[PDB]
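This chain uses plain numbering: 1 for the first residue, then up along the sequence. When a ligand or atom number is given, it counts from 1 through the structure's own listing order. What's counted below: heavy atoms across the whole structure, side chains too, no hydrogens, waters or symmetry copies.
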Amino acid sequence: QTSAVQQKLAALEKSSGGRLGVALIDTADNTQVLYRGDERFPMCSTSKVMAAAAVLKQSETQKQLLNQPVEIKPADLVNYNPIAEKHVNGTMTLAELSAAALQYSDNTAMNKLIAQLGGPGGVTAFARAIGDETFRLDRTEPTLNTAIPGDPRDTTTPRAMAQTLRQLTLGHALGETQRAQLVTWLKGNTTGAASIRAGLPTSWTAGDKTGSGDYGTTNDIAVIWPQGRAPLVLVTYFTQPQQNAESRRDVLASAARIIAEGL
Ligand SMILES: *[B]([O])([O])[C][N]C(=O)/C(=N\OC([C])([C])C([O])=O)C1=[C]SC([N])=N1
């Protein structure tokens, strides 16, 4: 079946010239709305939620892990390091790295999370441990953002990422204190007002993690507390046919608005 909402998303996609993937979970009734929900998309920085969550899981058995210092060296800097460059020849704690990765999309910070987990496969292993059979992280920053059409590296599906984000932020994949920490981090994101949240009333509370990469890849994953009802989880992924395509956060906002309309 094709619902009215799915028809509108396809219309949006046609006008956009790219490929759009959407997955909604409404936690009031657990119902789902998907558009290309089982197609793979490059995650880009939306993968940082899984990495941060994996380190939060490690911290459940190490009370001091989030305060553990990690050395930042000049050679560690990559393409986008707004927080880590302040700490070169110094240290950042794993909490500071997590916050920088999530709230500023610092890529050096992400590489330190990946290293703490033993490499990209450590992030994938955590995904599997919490029931996500789809997620895969294969590379570090910055090459995990190449976003080449047809490449399975560093991809997931909208369906899988919505389910995982629900389990991490509203369910019991993490301990209570760690879940709260992840939600606090996402709610303090600085990069998201033009993406999913631009399509929802600005008055609704939400947290999100954006992603950007080559092929004009423009992504967002969000947990949303709408006024008067149970939270939503919403994934919007978008990627374009040209390697040097421009960002299209407006397409994510438009997808979110269509979903909101549909409630
Ligand atoms: B993540 O997807 O937010 C990390 N993003 C990147 O590394 C890319 N751009 O990030 C900045 C510079 C902050 C931006 O302009 O979006 C990136 C990697 S490949 C590419 N074309 N853009």
Side-chain angles (χ1 to χ4, degrees), residues 16-21 40-55 72 75-86 92 96-115 120 123-124 127 135-158 161 164-165 182 185-198 206-222 234-253 255:
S16 81
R19 182 169 67 98
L20 177 68
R40 279 185 182 273
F41 293 79
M43 287 182 288
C44 300
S45 295
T46 67
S47 65
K48 297 176 184 178
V49 175
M50 195 75 83
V55 174
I72 311 299
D76 292 336
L77 296 191
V78 289
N79 63 314
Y80 184 60
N81 329 289
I83 310 310
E85 61 186 8
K86 297 160 163 199
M92 295 175 68
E96 289 173 333
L97 290 158
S98 296
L102 294 175
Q103 302 186 327
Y104 295 87
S105 217
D106 189 300
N107 279 342
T108 294
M110 171 62 151
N111 280 349
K112 294 311 187 172
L113 302 177
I114 297 174
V123 187
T124 306
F135 178 99
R136 54 188 285 176
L137 201 71
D138 299 274
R139 291 169 298 167
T140 60
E141 298 288 357
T143 61
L144 72 85
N145 308 291
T146 49
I148 301 160
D151 188 351
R153 289 178 304 171
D154 311 296
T155 61
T156 196
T157 65
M161 190 62 106
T164 285
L165 188 62
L182 178 63
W185 281 332
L186 294 169
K187 283 184 176 174
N189 182 35
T190 67
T191 68
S195 301
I196 282 164
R197 290 157 69 185
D208 82 291
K209 180 74 196 79
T210 54
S212 59
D214 286 341
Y215 290 87
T217 297
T218 313
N219 300 330
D220 201 14
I221 70 176
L234 181 60
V235 172
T236 59
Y237 282 162
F238 183 69
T239 193
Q240 300 177 74
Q242 318 78 6
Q243 191 178 40
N244 273 18
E246 83 212 283
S247 58
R248 293 296 303 272
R249 284 174 303 184
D250 66 299
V251 170
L252 309 185

Please round to the nearest 0.5 Å and tell me the distance separating atom [atom1] of [X] and atom [atom2] of [Y].
| X | Y | atom1 | atom2 | result |
| --- | --- | --- | --- | --- |
| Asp138 | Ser47 | CG | OG | 10.5 Å |
| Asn111 | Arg139 | CG | CZ | 12.5 Å |
| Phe41 | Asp154 | CZ | CG | 15.5 Å |
| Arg249 | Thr218 | CZ | OG1 | 8.0 Å |

Show me which atoms of ligand 1 lie under 4.0 Å from any heavy atom of [X].
| X | answer |
| --- | --- |
| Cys44 | 2 (O) |
| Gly211 | 2 (O) |
| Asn79 | 6 (C), 7 (O) |
| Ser45 | 1 (B), 2 (O), 3 (O), 4 (C), 5 (N) |
| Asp214 | 19 (S), 20 (C), 21 (N) |

Open item on the list: Measuring from atom 17 (C) of ligand 1, which candidate in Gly216, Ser212, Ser105 has the nearest non-hydrogen atom?
Closed with: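 Residue with the shortest heavy-atom distance to the ligand atom: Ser212.
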Task: Nearest neighbour in protein (non-hydrogen) for atom 18 (C) of ligand 1 - done: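 Heavy-atom neighbour on the protein nearest atom 18 (C) of ligand 1: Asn145 CB, 3.7 Å.
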Task: Nearest-neighbour protein heavy atom for atom 22 (N) of ligand 1, which is reported as residue plus atom name and distance - done: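 Looking only at protein heavy atoms, the one closest to atom 22 (N) of ligand 1 is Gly213 CA, 3.9 Å.
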Task: Residue-ligand contact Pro142/ligand 1, heavy atom below 4.0 Å - done: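 No, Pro142 has no heavy atoms under 4.0 Å from ligand 1.
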Open item on the list: Side chains of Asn79 and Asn107 only: does a donor on one sit below 3.5 Å from an acceptor on the other?
Closed with: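 Their side chains do contain a donor-acceptor pair, which is all the 3.5 Å distance test asks for.
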- [ ] State, without any angle test, whether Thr191 and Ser105 hold a side-chain donor-acceptor pair at a distance under 3.5 Å.
- [x]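 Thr191 vs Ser105: no donor-acceptor pair found between side chains.
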Open item on the list: So does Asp106 get a backbone contact from the side chain of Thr108, meaning a donor-acceptor N/O pair under 3.5 Å?
Closed with: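 Here the side-chain-to-backbone pair does not exist.
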TODO: For residues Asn145 and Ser212, determine if any side-chain heavy atom of one lies less than 4.5 Å from a side-chain heavy atom of the other.
DONE: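 A side-chain contact under 4.5 Å is absent here.
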Task: Residue part near ligand 1, for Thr191, under 4.0 Å between non-hydrogen atoms - done: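 Looking at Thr191 and ligand 1, no heavy atom falls under 4.0 Å.
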Task: ligand 1-proximal atoms of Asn107, by part, heavy-atom distance under 4.0 Å - done: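 Within the 4.0 Å criterion, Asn107 contacts ligand 1 through side-chain atoms alone.
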Open item on the list: Protein non-hydrogen atoms only, distance under 4.0 Å: does atom 1 (B) of ligand 1 have such a neighbour?
Closed with: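 Protein heavy atom within 4.0 Å of atom 1 (B) of ligand 1: present.
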